[PDB]
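The figures here come from the full heavy-atom set of this structure, side chains too, leaving out hydrogens, waters and symmetry mates. Proteins get letters first, then strands, A, B, ... in listed order; numbering begins at 1 in each.
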Amino acid sequence: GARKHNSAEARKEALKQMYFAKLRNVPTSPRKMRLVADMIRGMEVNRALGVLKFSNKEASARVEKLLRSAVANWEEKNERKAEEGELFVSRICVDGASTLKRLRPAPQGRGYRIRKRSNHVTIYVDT
Amino acid sequence: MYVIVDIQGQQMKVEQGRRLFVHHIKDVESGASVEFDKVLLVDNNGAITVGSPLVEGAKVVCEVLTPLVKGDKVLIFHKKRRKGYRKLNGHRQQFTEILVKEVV
Amino acid sequence: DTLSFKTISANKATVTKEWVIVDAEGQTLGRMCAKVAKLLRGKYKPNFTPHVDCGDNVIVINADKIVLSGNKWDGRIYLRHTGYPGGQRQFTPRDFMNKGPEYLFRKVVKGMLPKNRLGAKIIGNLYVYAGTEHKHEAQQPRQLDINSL
Amino acid sequence: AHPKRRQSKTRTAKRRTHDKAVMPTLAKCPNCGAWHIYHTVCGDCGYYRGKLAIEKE
Amino acid sequence: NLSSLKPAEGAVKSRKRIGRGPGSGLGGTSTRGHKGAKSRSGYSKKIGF
Amino acid sequence: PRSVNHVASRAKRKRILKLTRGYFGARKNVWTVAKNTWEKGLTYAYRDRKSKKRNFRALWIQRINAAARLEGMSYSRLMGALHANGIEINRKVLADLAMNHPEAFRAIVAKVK
RNA sequence: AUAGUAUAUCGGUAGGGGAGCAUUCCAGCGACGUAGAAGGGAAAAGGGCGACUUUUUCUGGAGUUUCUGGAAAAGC
RNA sequence: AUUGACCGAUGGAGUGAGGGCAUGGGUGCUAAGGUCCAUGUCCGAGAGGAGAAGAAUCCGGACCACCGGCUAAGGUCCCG
RNA sequence: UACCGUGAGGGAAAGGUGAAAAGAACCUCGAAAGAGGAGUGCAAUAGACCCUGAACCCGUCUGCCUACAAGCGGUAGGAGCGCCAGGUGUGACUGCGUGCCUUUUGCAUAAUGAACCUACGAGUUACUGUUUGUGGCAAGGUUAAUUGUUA
Ligand SMILES: [K+]
Ligand SMILES: [K+]
Ligand SMILES: [K+]
Ligand SMILES: [K+]
Ligand SMILES: [Mg+2]
Ligand SMILES: [Mg+2]
Ligand SMILES: [Mg+2]
Ligand SMILES: [Mg+2]
Ligand SMILES: [Mg+2]
Ligand SMILES: [Mg+2]
Ligand SMILES: [Mg+2]
Ligand SMILES: [Mg+2]
Ligand SMILES: [Mg+2]
Ligand SMILES: [Mg+2]
Ligand SMILES: [Mg+2]
Ligand SMILES: [Mg+2]
Ligand SMILES: [Mg+2]
Ligand SMILES: [Mg+2]
Ligand SMILES: [Mg+2]
Ligand SMILES: [Mg+2]
Ligand SMILES: [Mg+2]
Ligand SMILES: [Mg+2]
Ligand SMILES: [Mg+2]
Ligand SMILES: [Mg+2]
Ligand SMILES: [Mg+2]
Ligand SMILES: [Mg+2]
Ligand SMILES: [Mg+2]
Ligand SMILES: [Mg+2]
Ligand SMILES: [Mg+2]
Ligand SMILES: [Mg+2]
Ligand SMILES: [Mg+2]
Ligand SMILES: [Mg+2]
Ligand SMILES: [Mg+2]
Ligand SMILES: [Mg+2]
Ligand SMILES: [Mg+2]
Ligand code: NA
Ligand code: NA
Ligand code: NA
Ligand SMILES: [Zn+2]
């Protein structure tokens with residue numbers, strides 16, 4: 001009856017001005033990933049790529065490839081190669097995804113549960 | 001000038017055109033007039049008239065605006081711990097809105 | 001539905017906050033401090049508000065001539081504890097006087113003040129001097145006969 | 001031996017005040033122009049302190 | 001007239017319902033007192049006892 | 001028939017949880033903690049409605065005491081002189097006159113002194 | 001509660017009595033819904049008192065319901 | 001004189017672990033926050049005020065609201 | 001059935017895209033996992049764990065407060081500041097305040113009990129009596145099994 005079509009049209013027009021990339025269902029713990037997101041929040045993209053490349057945390061390699069995608073989405077939606085010193089990380093957040101439950105034996109016949117957690121990461125860039 | 005008068009068991013400061021909220025008056029309609037001859041003090045810019053029983057000659061006339069205005073709802077709670085007794089009621093106080101016309 | 005005639009609270013922008021200089025030349029220690037505490041609290045202000053600092057800043061002079069009666073100078077035992085085992089210690093009002101008048105008056109006026117954050121603030125509005133000489137002439141302190149209170 | 005109570009959200013977050021990823025000590029390579037860790041050989045060019053150290057094929 | 005049926009005044013009454021909260025005045029112990037034989041499920045009176 | 005009041009049962013909880021907004025920690029949103037805290041607060045309010053009348057009369061008397069003392073009279077003697085002269089002005093009015101209209105207060109004092 | 005507005009009375013555990021609200025389904029007289037039903041988020045307003053009710057707006061995308069009477073898998 | 005507070009018939013109960021204080025006593029040691037009776041009372045099932053903080057000591061029996069007034073026990077140098 | 005048990009035996013969990021697969025050709029970043037677009041469609045925040053999509057629990061942003069301060073965390077007052085014409089968010093400072101349940105003569109009790117949320121969870125029905133409110137008939141009241149007609 002055209003109501004949801006009209007709600008969705010406005011949702012799409014706003015998305016043309018938002019430059020972002022997403023990582024979904026990353027098989028690592030959200031709390032450790034958050035330690036990396038606090039490091040590059042609000043930082044120039046050229047400096048953040050080097051910071052992520054030489055970080056001692058293992059979660060940084062995944063995030064480095066997501067920042068590259070976010071920049072490329074920006075250039076696709078703006079129709080020009082980005083300058084140097086221009087973009088920066090305006091927003092970043094990590095959310096806990098679905099958990100995989102496992103079993104680890106314990107003494108005297110008891111069994112405990114192991115959680116293998118996942119997370120989502122979303123990055124925004126801005127000029 | 002300003003005056004102190006006992007309207008409905010309450011002593012208030014009254015000036016021309018004030019829109020006071022007083023305790024509910026029975027049997028009134030909007031636009032009716034009401035007199036209040038219980039002036040205790042009169043202060044007309046410098047000279048003070050203190051009423052021993054009353055000022056004896058002063059009064060105020062008001063035009064009723066809203067016959068019935070309800071105060072905010074208050075929850076009345078009673079409870080005795082470890083005994084099971086518990087009740088909860090709601091209360092609204094009833095007022096009347098009046099606009100002071102003359103401070104005769 | 002609302003309250004027409006209401007009582008007004010003084011605030012930071014409406015209090016008076018005068019400066020006063022009093023004289024301790026021959027006054028009893030606890031009787032003078034009972035009146036100084038009223039002055040700092042604002043009990044003499046018609047706009048007194050218990051949750052705001054509305055009293056007067058007080059300057060006490062000639063405080064080295066305060067009078068204590070009885071055998072109180074070396075007869076009134078104070079007690080305190082260091083926090084270590086076997087750590088209780090005793091001291092007298094004369095022991096404070098050796099440090100200075102501002103160490104006896106501050107202790108006595110404290111204890112006559114509210115035991116809260118506000119009381120901790122207003123005790124700083126008290127200045128106590130041994131001699132007759134101070135430096136507050138920029139504040140224009142007023143003179144008050146404490147015997148008139 | 002055992003927690004008498006679960007910790008509130010506030011107490012847990014106050015302890016985690018000092019859980020920070022350490023930032024690398026980075027420098028620009030005077031030859032390549034790339035980021036490298038100070039006092040190490042640039043992995044891109046192979047240079048170090050103005051001299052070739054790891055001739056990379 | 002099946003839309004406007006009415007029984008005589010005082011002819012029908014609601015049944016008692018116990019153990020459903022304090023406001024009813026019938027919750028908690030649910031009219032049974034506190035302890036003893038009479039408070040238990042399955043108590044019945046021994047008629048001649 | 002089978003009767004389960006899912007929507008009604010859940011609506012009762014949601015209404016009260018609007019009243020517990022602003023509380024510390026689990027006391028604002030966890031149901032059995034929040035309801036416990038809200039019920040205790042209602043008991044305070046019944047008691048504090050009564051204590052309000054005590055606290056405001058004590059504040060009127062303190063202000064009247066300071067105003068009277070600036071005119072050479074304590075509160076107890078001023079009140080004794082008013083009740084002797086039949087003046088029926090209440091303490092709320094006098095305290096307001098003491099603070100905001102000091103010239104009218106001085107006329108009441110000059111009538112009994 | 002008594003007398004027909006007046007007088008009295010209104011702290012309560014076990015416990016006795018009175019009067020109501022919501023829920024599921026049924027009968028009857030009737031209404032609402034793709035020009036947006038139920039449900040979910042937000043806000044405002046009502047009730048001698050309360051259990052609760054009503055309205056507006058976002059989501060949602062097909063069912064819902066007033067009153068009188070009737071029956072319970074009828075409330076944490 | 002007394003708001004009516006007493007009784008009969010008949011439907012429904014709960015309770016049948018009490019406790020403190022004062023007075024008269026037994027017991028104990030003229031001990032016990034002890035124990036067993038009697039007469040009142042209060043807590044139990046009773047909030048408010050004084051006692052710094054106390055189940056039953058002193059004052060006092062909460063229908064709801066009020067930023068009105070008079071008092072009780074107890075108080076009026078400051079915290080109050 | 002899976003699973004557990006030597007065996008007799010015990011014994012689960014698990015429904016829903018869309019009207020129609022039209023189940024996403026092709027491009028961009030990536031080694032490719034994942035996404036951003038494009039396209040299909042009323043709708044893709046209907047994208048395969050897919051209707052709706054709550055709570056506990058977890059993030060980011062914005063507004064106000066917070067590093068001299070000490071107790072069941074509220075309640076009654078009360079400035080300042082920020083938003084939108086007197087509403088709303090916050091709360092400097094002040095007064096008062098030892099959770100709840102159950103069991104007890106008496107519990108802040110250092111007596112019992114609960115990690116939290118959502119869902120589940122405990123005076124019911126039959127028969128035979130008895131008292132009572134409401135009715136029918138009335139010196140009478142009432143049928144039981146069963147039978148006839150119709151459907
Ligand atoms: K239905
Ligand atoms: K959701
Ligand atoms: K501070
Ligand atoms: K135990
Ligand atoms: Mg993993
Ligand atoms: Mg590494
Ligand atoms: Mg083994
Ligand atoms: Mg650490
Ligand atoms: Mg009962
Ligand atoms: Mg219970
Ligand atoms: Mg029990
Ligand atoms: Mg028993
Ligand atoms: Mg029994
Ligand atoms: Mg059994
Ligand atoms: Mg009463
Ligand atoms: Mg009652
Ligand atoms: Mg049920
Ligand atoms: Mg027995
Ligand atoms: Mg016995
Ligand atoms: Mg005993
Ligand atoms: Mg004895
Ligand atoms: Mg005993
Ligand atoms: Mg009693
Ligand atoms: Mg949607
Ligand atoms: Mg869905
Ligand atoms: Mg300090
Ligand atoms: Mg015991
Ligand atoms: Mg008992
Ligand atoms: Mg106690
Ligand atoms: Mg403890
Ligand atoms: Mg036990
Ligand atoms: Mg436990
Ligand atoms: Mg406990
Ligand atoms: Mg619980
Ligand atoms: Mg539970
Ligand atoms: Na009960
Ligand atoms: Na709509
Ligand atoms: Na439930
Ligand atoms: Zn290099």
Check: H:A52 base within 3.5 Å donor-acceptor of C:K115 side chain: no

Wobble or Watson-Crick pair present, G:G75 with G:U13, both under 3.5 Å: no

Nucleotide opposite I:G71 in a Watson-Crick or G-U pair, distances under 3.5 Å: none

Watson-Crick or G-U pair, H:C21 and H:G40, both under 3.5 Å: yes

Summary of protein contacts for nucleotides 42-50 of chain G, nucleotide by nucleotide, where a base hit scores B, a sugar-phosphate-only hit scores S (4.0 Å, heavy atoms): SS--SB-BS

Contact pattern, 5' to 3', of nucleotides 104-114 of chain I - B, S or - by protein heavy atom under 4.0 Å: B--SSS-----

Between H:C67 (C1') and B:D72 (CG): distance, integer Å: 16 Å

Row check, B:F77 ring normal vs B:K87 NZ/CZ: under 6.0 Å, within 45°: no

Touch class at under 4.0 angstrom, heavy-atom based, for A:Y19 against every strand present: nothing

G:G63 and G:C32 base-paired, Watson-Crick or G-U, both contacts under 3.5 Å: yes

Sugar-phosphate only, base, or nothing, as touched by A:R24 at under 4.0 Å among non-hydrogen atoms: sugar-phosphate

Below 4.0 Å: OP1/OP2 of I:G37 and any side-chain N or O of A:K77: yes

OP1 or OP2 of H:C78 under 4.0 Å from side-chain N/O of C:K43: no

Separation of the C1' atoms in I:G78 and H:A45, to the nearest angstrom: 41 Å

Phosphate OP1/OP2 of G:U59 contacted by A:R3 side-chain N/O (<4.0 Å): yes

Closest to side chain of B:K80, choosing from G:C52, I:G59, H:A47: H:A47

I:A67 to I:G99 separation - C1' atoms, rounded to the nearest Å: 30 Å

Phosphate contact (H:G48 OP1 or OP2) by F:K50 side-chain N/O below 4.0 Å: no

Integer-rounded Å distance: I:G74 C1' and F:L42 CG: 11 Å

Verify stacking: I:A55 then I:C56, 5.5 Å distance, 30° angle limits: yes

F:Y44 over I:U75, stacked by centroid distance under 5.5 Å, angle under 30°: no

Touch class at under 4.0 angstrom, heavy-atom based, for F:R54 against every strand present: sugar-phosphate

F:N29 CG to I:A54 P, straight-line distance once rounded to whole Å: 16 Å

Nucleotides 120-132 of chain I: protein proximity per nucleotide (B base, S sugar-phosphate only, - neither; heavy atom, under 4.0 Å): S--BSS-------

A:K16, NZ: over 12 other non-hydrogen atoms inside 6.0 angstrom: no

Inter-nucleotide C1' distance (G:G28, G:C76), Å rounded: 37 Å

Touch class at under 4.0 angstrom, heavy-atom based, for C:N116 against every strand present: sugar-phosphate

Pairing between G:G20 and G:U53, Watson-Crick or G-U, 3.5 angstrom cut-off on both: no

Counter-base of I:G82, judged by Watson-Crick or G-U geometry with both distances under 3.5 Å: I:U88

OP1 or OP2 of G:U59 under 4.0 Å from side-chain N/O of A:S7: yes

Counterpart base for H:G69, defined by Watson-Crick or G-U wobble contacts under 3.5 Å: none

Pairwise P distance for I:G86 and I:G77, with rounding to whole Å: 22 Å

Touch class at under 4.0 angstrom, heavy-atom based, for A:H120 against every strand present: nothing

Atom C1', compared across G:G41 and G:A71: separation rounded to whole Å: 37 Å

Any-strand Watson-Crick or G-U partner of G:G28, both distances under 3.5 Å: G:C67

Consecutive-base stack I:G106 to I:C107 per 5.5 Å / 30° rule: no

Any-strand Watson-Crick or G-U partner of I:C3, both distances under 3.5 Å: I:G10

Verify stacking: H:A17 then H:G18, 5.5 Å distance, 30° angle limits: no

Paired nucleotide for G:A1 [Watson-Crick or G-U wobble; both distances under 3.5 Å]: G:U7

Contact under 4.0 Å: F:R47 side-chain N or O vs H:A62 OP1/OP2: no

Sugar-phosphate only, base, or nothing, as touched by E:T31 at under 4.0 Å among non-hydrogen atoms: sugar-phosphate

Phosphate OP1/OP2 of H:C67: any F:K53 side-chain N/O under 4.0 Å: yes

